[PDB]
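Written below as structure tokens is the structure these notes are about.
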Amino acid sequence: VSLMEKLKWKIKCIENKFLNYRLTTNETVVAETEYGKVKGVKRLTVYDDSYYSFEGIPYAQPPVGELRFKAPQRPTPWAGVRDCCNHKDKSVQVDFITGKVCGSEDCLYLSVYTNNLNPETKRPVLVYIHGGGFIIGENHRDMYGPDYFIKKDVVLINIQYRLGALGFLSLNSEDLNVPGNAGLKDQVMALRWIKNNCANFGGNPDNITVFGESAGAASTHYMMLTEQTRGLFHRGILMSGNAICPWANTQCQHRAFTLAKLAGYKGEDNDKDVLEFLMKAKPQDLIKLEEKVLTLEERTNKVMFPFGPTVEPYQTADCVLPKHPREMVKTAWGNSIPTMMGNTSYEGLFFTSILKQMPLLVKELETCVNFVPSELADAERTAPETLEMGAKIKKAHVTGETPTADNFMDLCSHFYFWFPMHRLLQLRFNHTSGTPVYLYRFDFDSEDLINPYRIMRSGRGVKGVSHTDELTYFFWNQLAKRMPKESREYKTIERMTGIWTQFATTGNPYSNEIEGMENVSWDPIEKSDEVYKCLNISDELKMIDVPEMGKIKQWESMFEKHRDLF
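Have a look at this one:
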């Protein structure tokens, strides 16, 4: 458990060291950027492809010292040619295997990849925003390698942004000018850099697609909601997440004091003095104590992370979320670009690790009161309003006589992913105008090719298609290897990067380019279909009604006399 793969991870980080060097070439090139010239280097893949790599391009000022917790400031445009032949490090975070803190505050970088720099005509630009709960993640190629996408004629850009309290501290007093959402404002400025720089790498600035998985999906949705990013891109793909997910959003303004207190602060709960302490502390001490900010009860109520995107307590210079997610769906420019959304066929299997420890988690399901949406439920969660709402949940997911893991994990698929998706689509349908949304369901199961997230649900061996299982067919990671191109895994890489690039190009995810799509006719959802159609992606590709629709609809029935709140 962990120490097992702790040494594994160690003896697979040193691979990535011996393979990264080996796959480096001598072919350097220089591209224009608005801040000055940048030097990249051609790299190779295990499939005998190659691509140009520019890593460590700053899109903002290093947010250190006085810039800590504040909105990003654009960088200093440099003389000469800046080295981008190496990664820069990841935002400060608790690494999943080591367990202790890694990364740096100097993390506001993006990386640009493409198989050809002078291309004949201009390529679609895909911008990937990583997930990780807004508390972990990176654009390092041990985790998100572009090796599969650069088989296609696209420009791929992978961004970083501030995580944890360093990204998402929020304070009421306008005075202190720490409204929240620093990490989302980082994303905004990365997208602004992309808009005005992608042409320098062969990109088409009229054909940008933003996509992300989990917190990166919530992020992509936030970038579709704010008027700050209006017009800055043209398609969005939400993979296992949106901004009205219960975990995508927390009111955290009174949690800074608690963080300060855990770290040694002596003084009041006044924000000015709380800030003066948190500005002086070592970044790693804060990040390691993040752990403990949420209260014992906040956890019962399913608040997942102490700091994250929030409704800002006032709107200044660079605001992005002046209002709650459901309300921004109203005039949001992004409802009017082509969109694809989807989930895996067993998201909640991504709770085995948690559940393993104190299986008491399961008895929750005896009334399911804790999974009632927080906005409908009472603080104690025993108002007859709440016990009866929970009975509705409880019936949709408890299958027989007594609750288990599968019911709990199945319940989690809906609480954290499918139900919010449903709520978003229906809100979207009436804050709208003609704009296709397409649904997929990722249902391809394999153990011969994996990604690191599998050992951070330290599961190994276990079937079903968990949250994050799809990333393996989009991105290279240091646990990957060269599969034979007959294999079901290689074919799935082909299909997934093919569909995503097809969507990025025309706003329509279908083509006869895709072996296996030959019998797929895949149309969007509209305001009126009673039941959602989706492309189910397995060893075969098949259009089907979402199997989850029945459980979704009963979740909707908790709102039968609170319809305004649905």
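If you count the sequence shown from 1, position 107 lands on 111 in the deposited numbering, and the numbers rise without skipping.
We put the CB at the ideal spot given by N, CA and C, even for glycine.
Residue pairing by DSSP places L48 opposite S54 in a beta bridge. Within the DSSP secondary-structure output, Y132 pairs in a beta bridge with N162, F215.
Here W82 is exposed, its C-beta having fewer than 16 other C-beta atoms within 10 Å.
If you look at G171, you'll find it isn't in any beta strand (DSSP E); it sits in the alpha helix (DSSP H) that goes 168-172. Pairing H401 with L380 gives a Cβ-Cβ distance that is not under 9 angstroms. Under the DSSP definition of a beta bridge, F446 partners with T348, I541. DSSP links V105 through a beta bridge to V98. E70 sits away from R145, with the two beta carbons spaced by 9 angstroms or more. The stretch 152-166 makes no contact with the stretch 229-242, as fewer than three CB pairs between them are under 8 angstroms. The beta carbon of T213 lies closer than 6 angstroms to those of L130, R239, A508 in the same chain, with the five residues before and after it left out. In summary, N347 is buried, with 16 or more beta-carbon neighbours lying within 10 Å of its beta-carbon over all protein chains present. The shortest CA-to-CA distance from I18 to any of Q482, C323, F421 is the one to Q482. Per DSSP, the continuous alpha helix (DSSP H) segment holding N200 begins and ends at 186-201. Setting aside the 5 residues that flank it on each side, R427 is surrounded in the same chain by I248, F570, each with a C-beta closer than 7 angstroms to its C-beta; the list follows chain order. DSSP places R86 in the strand class (E or B) of the three-state scheme. By the neighbour-count definition (other C-beta atoms within 10 Å, threshold 16), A336 is a buried residue.
A distance below 6 angstroms between beta-carbons, with the five flanking residues on each side excluded, links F261 to the following residues of its chain, in chain order: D273, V278.
The count of Cβ pairs closer than 8 angstroms, one atom from the stretch 427-447 and one from the stretch 338-354, reaches three, so the stretches are in contact.
Under the DSSP assignment, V278 falls in the alpha helix (DSSP H) whose first and last residues are 275-282.
Secondary structure of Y113 (DSSP, three-state): strand.
Between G184 and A219, the gap from beta carbon to beta carbon reaches 9 angstroms or more. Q255 is the residue among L364, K367, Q255, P363 whose C-alpha sits nearest the C-alpha of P313. A direct Cα-Cα distance of roughly 35 angstroms separates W13 from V85. Check the Cα spacing between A221 and each of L188, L300, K265: the tightest is with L188. In the three-state reduction of the DSSP assignment, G502 falls in the helix class, which pools H, G and I. Residue pairing by DSSP places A35 opposite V42 in a beta bridge.
Across the structure, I139 and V98 are spaced so that their CA atoms are roughly 8 angstroms apart.
If you look at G240, you'll find it isn't in any alpha helix (DSSP H); it sits in the beta strand (DSSP E) that goes 239-243.
Contact check for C106 against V42 fails: the beta carbons are separated by 9 angstroms or more. Sequence-distant partners of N208 (beyond 5 residues in either direction) whose C-beta falls short of 8 angstroms from its own C-beta, in its chain, are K126, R127, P128, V129, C202. DSSP, reduced to helix, strand and coil, places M547 within a strand of the structure shown. Around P326, the same chain offers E316, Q319 as residues with beta carbons nearer than 7 angstroms, after the five sequence neighbours per side are excluded.
Secondary structure at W559: helix, using DSSP grouped into helix, strand and coil.
Put simply, the backbone Cα of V192 is about 8 angstroms away from that of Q232. With a 10 Å radius around the Cβ and a threshold of 16 neighbouring Cβ atoms, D52 comes out exposed.
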